[PDB]
Every structure is written in structure tokens, then in C-alpha cells.
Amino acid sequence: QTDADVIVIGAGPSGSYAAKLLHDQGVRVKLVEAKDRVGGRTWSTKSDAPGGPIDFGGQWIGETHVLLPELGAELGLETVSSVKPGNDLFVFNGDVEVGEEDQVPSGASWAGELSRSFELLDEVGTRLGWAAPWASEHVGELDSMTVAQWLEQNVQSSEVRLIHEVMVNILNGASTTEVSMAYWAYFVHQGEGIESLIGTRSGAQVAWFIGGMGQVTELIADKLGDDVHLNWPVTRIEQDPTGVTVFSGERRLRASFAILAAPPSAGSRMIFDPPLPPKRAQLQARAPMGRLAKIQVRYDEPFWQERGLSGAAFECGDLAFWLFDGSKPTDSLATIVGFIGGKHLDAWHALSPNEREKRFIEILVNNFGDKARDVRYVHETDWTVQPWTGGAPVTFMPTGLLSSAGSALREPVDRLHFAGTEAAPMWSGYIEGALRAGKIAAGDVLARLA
């Protein structure tokens, strides 16, 4: 006797979407979530902050994403463009260089090597591919070196190196000395290339949902009603010839199939009986979350526009950030958003909270002008302290893992299927990947139920 046909573990976008698809087909589903809320690495509030809704986790929609906007539309959400005209900034340890709209500064001495380094990175990625990077003839060597070592071998300009360092410390939440070059190159390729991932005008970042990205999971949970269990951290998964038992301490739920819709690192904390196969066990134990914090400051007006600036800034150096204008036309205040990750976040953490806020204000003054001092609201979200997530924005891998265990990112283990964005064939790391992986897992399980 079963409590459900399928138990879905994790109510982020991936698990919420898989549960929704199954429920929509009349499958009996339980969606169990460790935290006191749904959303996972997406998290927002319509009213807790002055000036309008605010997002604490992932919030941007890409121009080639389709599951995400279609889901949003189906749930009744409206999008607004996130694109910010004006001159983007490239800042090198406080020395500000002004782009031409989203392009490099006029006559920048580093533009040529930057373009060549991006082409080289894309070529490494293409040699690995998204379908099966672990099977590529080039992966063993690439997976035995770090991104930092690849930069040392292929980049000479300090500006280009610092741009690549901020890219990795942000988009993988980890230092170039920590991330396998094979993993990084695969990650960028399967996100449709480097221009896709760093473009402010076209690429993976062009729109937002009015009201916050957290709505997506909340609305799904609304419809699932009592089949959602919050405060239900899974501690053990047992399998047998006729189904799967999922435990939270002594609490238990029985089903025919289960879907793990959380990062490999989340699986590593669970006990499996029988034990998982070796590649999946190693993957869960050795693919950590990156580390990332998201600092937001609100103002009466987007005063950076007085200097003809977009508010986008690649703030490179010892305390590197990515900064953007996060303001929506329907907000009553303007918002600047700063992200800091990896080794830069390690440095940020070594400062006091007061020193951090003062340092960020000084960066905003340097980049955007003195009116940055007239703050209305300041907020920091440290993803490394969020229970049952423990980091951000994505999973990364150190040397040796992708080539020796990456095939376990997607393969089911008997009656346990894997969703979560890390399992997506493309757009792993992104909400779109969460949704694609949830769709795949739901389809596979539905086929086994028929």
C-alpha cells in the first residue's frame, strides 16, 4: 500500500514542476520539502521590502528559455523586460572604464585578447558537448586542470584574466583555482555559450516576472494543496522490488517511484538502502555548491542614469562583484543589485557586516556617483547559510569528477529518478534547466506507471 504513486523530493522549480506535470496527468503525488517554504534557490517577497517586490534568489529569464516563460504564462504571471540601456561599466580594482552600451570601452587595449579568449573558451566547450561530456576524448586532460591554469596558459592581459575570474567566481560561485576546466567549459557550452551567459542585452538575462520569481513555486504549491509537505527534510531513501520508502527521521512515505529534485550535494546527506552505485555516490559527495551572496540597495531614482550609465558593472579585482539595475517600472524605488562569489565572497565574509555595507556603498559611489550615499534600504542574502541549500548559484565540480562520475548526473537508479537543474541536458544551473530536468523525470516516471 502506497501513500502516492510518486514522491518528489525538493520543491524548487524542478521538483515543483515535476509534481505539477504528474498531478496534471492524474498521478497521485507527494511533494516533500526540507525548508519552511517552497522555491529553493528561488525566493521572493511582494511586500516585505519597501519599494516593491524583491527577489532573494534567481530571477532572470533568458531569451531562448521556453519552459520558464510558458509556465509563468500558464500560472497567470506577467513578464517585463529586464534590459537596461546605457553604458555598462568595466571596473578594474576601482579604475572605471566606460563601455559603449554593452560593448567594450572604445579603443580598450584588452578588447582583442578578450574576444580571442572567449572564442577559445567556446571551442573547449564545443569539444566537450552537452550530451555526454564525460565521454569526450578531450575530457580527461581538461578535467585534470583548473580554470586558473587554463587562464595562465591562454591569457596574458590582466584585464582579461580578471574578467574571467569574476565570471567563474559568480557563475559557478567558486574560484578559478577550485573549478575543473572541463566542468567550466562544459557548463558554459551547455548554457549556449559564453555570450549567452554574460550578455546584458541578449542572452540568458532579458526578462523578469512582475511580483517575484518565488511566485512560480508558490502557485504550483497552491494547486497541490495538502500533497505538499513542508518542514519534511528527507534523511533516508529505501528501495525494493515494488517501490520506494522516503523517510524524514521516523516519518515515512511509500510510493512506486521517487524523483530527487535537488542538487547532488543534497543527496549526499541522505542514507540510501540499498547504497547507490559508485559513480552517483561519488558525484553527490564531491560536487559542492558554489558560494554566492546578493546585496541590494534601494534609492528614490536610478541616479546612475544621470551619468548615461546602465547600472551594469563588471567590478573586477580583489573584491569583485557583478552589479545591475534591478528596477521594474512598477516599483516605487530603484534597485541596484550586487552579486559576489567564490574567493571574493570569502574576502567579503572576512569583513564585518558594517564594513561590508560601507565597502559596497563606496563601490557604488566610485562607479555611479555621490547620490549612492542617499540610501533608502539595504539588504543582503547570504546563500551559504540557507539550510538544505548551503550555497549558490550552482553546483560546481573540482578536478577529476566530471570525467569519472558525470554520467551519474542523469541516469535513474532503479526506482529513483534524478531531476534538479544539474540533471538537465542543457541549461543546467538555470531555472530553465530545473524545468527541463523536471519534465524529463516526470515523463520517465509516467512511462513506468503506464
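One rule holds for the numbers: they count along the sequence shown, beginning at 1.
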Subject >> Given 354-362 and 314-322, the range whose Cα B-factors average higher in the PDB entry >> reply: 354-362
**OP:** Please work out which of 120-128 and 280-288 has the higher mean CA B-factor as recorded in the PDB entry.
**Re:** 120-128
Subject >> Candidate residues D143, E218, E178, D346, the one whose C-alpha B factor the record puts highest >> reply: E218
Subject >> Member of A293, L260, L114, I170 with the greatest C-alpha B factor (per the PDB record) >> reply: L114
Original post:
Among the modelled residues of its chain, does the C-alpha B-factor of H189 lie in the lowest, middle or highest third?
Top reply: lowest
Original post:
Hey, what third does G57 fall into on Cα B-factor, ranked over its chain?
Top reply: middle
**OP:** Divide the modelled residues of the chain into thirds by Cα B-factor and specify which third, lowest, middle or highest, holds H65.
**Re:** middle
Subject >> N231, C-alpha B-factor rank within chain (lowest, middle or highest third) >> reply: lowest
Subject >> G338 - which third its CA temperature factor falls in, relative to the rest of the chain >> reply: lowest
